[PDB]
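# Close look at the chain arrangement
Listed below are the residues making up each chain.
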Amino acid sequence: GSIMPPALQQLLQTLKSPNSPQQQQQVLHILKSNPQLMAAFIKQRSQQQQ
């Protein structure tokens, strides 16, 4: 089949140390594209709890 790029890659490392927007690049493309695997960024885009 076909798998989407782990744009949330740099995001994971960002949780601890700083890192450039490598895979996270072209975030716009991530929006409304691959909310399944890249659910990180997608869901992260305005996520109000409770």
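What this report covers is the structure whose coordinates are included nearby.

## Side note on the overall build of the protein
Along the protein, the regular secondary structure elements total three helices and zero strands. Reading the protein from its N terminus to its C terminus gives the helix and strand order α-α-α. Oriented by its inertia axes, the alpha-carbon framework of the protein measures out at about 35 × 30 × 15 Å. Buried positions account for 24% of the 50 residues belonging to the protein. For the protein, long-range pairs separated by at least 24 residues make up 38% of all intrachain contacts whose partners lie at least 6 apart in sequence. Carbon and sulfur atoms provide 52% of the accessible area of the protein, an area that totals close to 4300 Å².

## Regarding the nonpolar core
Of all hydrophobic cores here, the largest spans eight residues; its members are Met4, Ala7, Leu8, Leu11, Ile30, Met38, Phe41 and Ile42. Not counting chain neighbours up to four residues away, the residues in contact with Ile30 comprise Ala7, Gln24, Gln25, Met38, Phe41 and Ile42.

## Section: the environment of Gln44
Among the secondary structure elements, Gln44 is positioned in helix 3 (residues 39-44). Distance in space between the C-alpha atoms of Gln44 and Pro18 is 18 Å, their sequence separation being 26 residues. If we ignore the near neighbours within four places in the chain, the residues touching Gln44 are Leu11 and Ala39.

## Some details on the side chain of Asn34
If you trace the backbone, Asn34 turns up in the loop between helix 2 (27-30) and helix 3. Once residues within four sequence positions are removed from consideration, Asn34 is found in contact with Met4, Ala39 and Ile42.

## Here's the deal with the side chain of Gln10
In this fold, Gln10 is placed in helix 1 (residues 9-14). Contacts of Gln10, omitting those with residues within four sequence positions, involve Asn19, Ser20, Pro21, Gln22, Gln23 and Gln24.

## Concerning the environment of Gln25
Tracing the sequence through the fold places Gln25 in the loop between helix 1 and helix 2. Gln25 sits in the partly exposed class, given a relative accessible area of 45%.

Here is what the cut-offs are and how they apply
The numbering scheme counts residues from 1 along every chain following its written sequence, independent of the entry's numbering, with residues that lack coordinates not shown. Hydrogens and waters are ignored; side-chain quantities use all the structure's heavy atoms. Under the DSSP-based scheme used, a helix requires at least four consecutive residues in state H or I and a strand at least two consecutive residues in state E, with every element numbered from the N terminus. Here's how the labels work: a residue is buried when its accessible area is under 20% of the maximum for its type, exposed when over 50%, partly exposed in between, all with a 1.4 Å probe on protein chains only. Residues count as neighbours in contact if any of their non-hydrogen atoms are within 4.5 Å of one another. To measure how exposed things are, a 1.4 Å probe is used in the Shrake-Rupley method; for residues, cover is taken only from the protein chains shown. By convention a nonpolar core is built from buried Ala, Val, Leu, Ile, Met, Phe, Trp, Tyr and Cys residues, the set being connected through side-chain atoms within 4.5 Å.

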